[PDB]
C-alpha cells in the first residue's frame, strides 16, 4: 500500500517568462495586456463625438464654406479631425495663437453658434458682400460663413464702431480677421484710408492692428494676406471693435461650455452605433486589463499604454504532464 504526493498537470500550452527562464509552459495564466479593439469610432460614456468632416479646427471655427454646416448647438465627448482635412484657412495668412485655441477647445464640451453682429443691421454704411476665389463654394467665389468682409460703400469707408455684451452666462469665443492688401492702390480702393487701423478691446484684451502693405508670393493665387485673431469674452464683459479699414468683422460667435475628459484626435475610422468607456484613434477598447499596446492616444477610462508585445502572469504551476 502506497500514498503519493503530486501536483496538477493539464493540456495547457500557455507560456510565460521569468527572470531565470524564458518560455515556461504553465497550467494556468492570466493575460494583462489588451491588444484588441473594434476598429470603430463610438460614443464615449453615452455621448457622440464632434466629427469635423472635411474641415480642421480652423476651417470649422472660421466657417469655411466647403464644409457641411453644423447644427446651431452641438455637445460632444471628443473631437475628430480627419487625416485629409482638405479645408482649413482658405485665404492665406497667419492664425495667431492657433495652437492655444485648439488647447482651449480640448476642454470644451458644447458650443452655441449665434449671430453676434447681424449682417443686415450692424454695418449700414459699409459693403458686406465681399467674396474671394480663394474661398470658393460650388465653383463660385464665397467667404467664411462666420466672418464679413467690410469694404467701402459709395466711395466712403466711415470709421465704424460696434460692441457686444456677453449675456450668455458662458464664455463667448469671438473671431475676426485683418486684411493686408498687396499694394496701396488696392488698400485705397477697398478701404479709402491709407493710415487705417483696427482696434479690439475687452476688459482683459487690448490690441491694435495696422495694415502692412507689400507684394508677396501668391498663396492660393492671392498676394494679399489675412491674419486671424480670437479672444474669449468672459460672461458679462463687453467687446468693442473699432476700425476705419481692413477689418474682417465677426458675424457669428460661439458660446462655449466647459467639460472634462475631452480632447482632439485624428482618425480615419467611422462613426458607428456603439458605446465605449475607452476610445483610441484606431478603435474602441472594451477591457478591464491594466495595460494595452494599441495606441498611446486615449479618450476616457483606458488601460495604460506600453510598448510590450506580451504581459502574462502565471497563476498555475509549471506544466509537466507524462
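Numbering follows the first chain given and starts at 1.
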**Report entry** Greater mean Cα temperature factor according to the PDB record, 220 to 228 or 137 to 145
**Finding:** 137 to 145
Query raised in the report: Out of 186 to 194 and 169 to 177, which one has CA B-factors that are higher on average in the deposited record?
Result: 186 to 194
Query raised in the report: Looking at 278, 62, 67, 33, which has the highest Cα B-factor in the entry?
Result: 67
Query - Chain thirds of CA B-factor: placement of residue 239 - result: lowest
**Report entry** Third of the chain's Cα B-factor distribution that residue 58 belongs to, per the entry
**Finding:** lowest
Report summary line: Here the Cα B-factor of residue 78, set against its chain, lands in the third termed lowest
Query raised in the report: Compared with the other modelled residues in the chain, in which third is the CA B-factor of residue 20?
Result: highest
Query raised in the report: Of the three thirds of its chain by CA temperature factor, lowest, middle or highest, which one includes residue 247?
Result: lowest
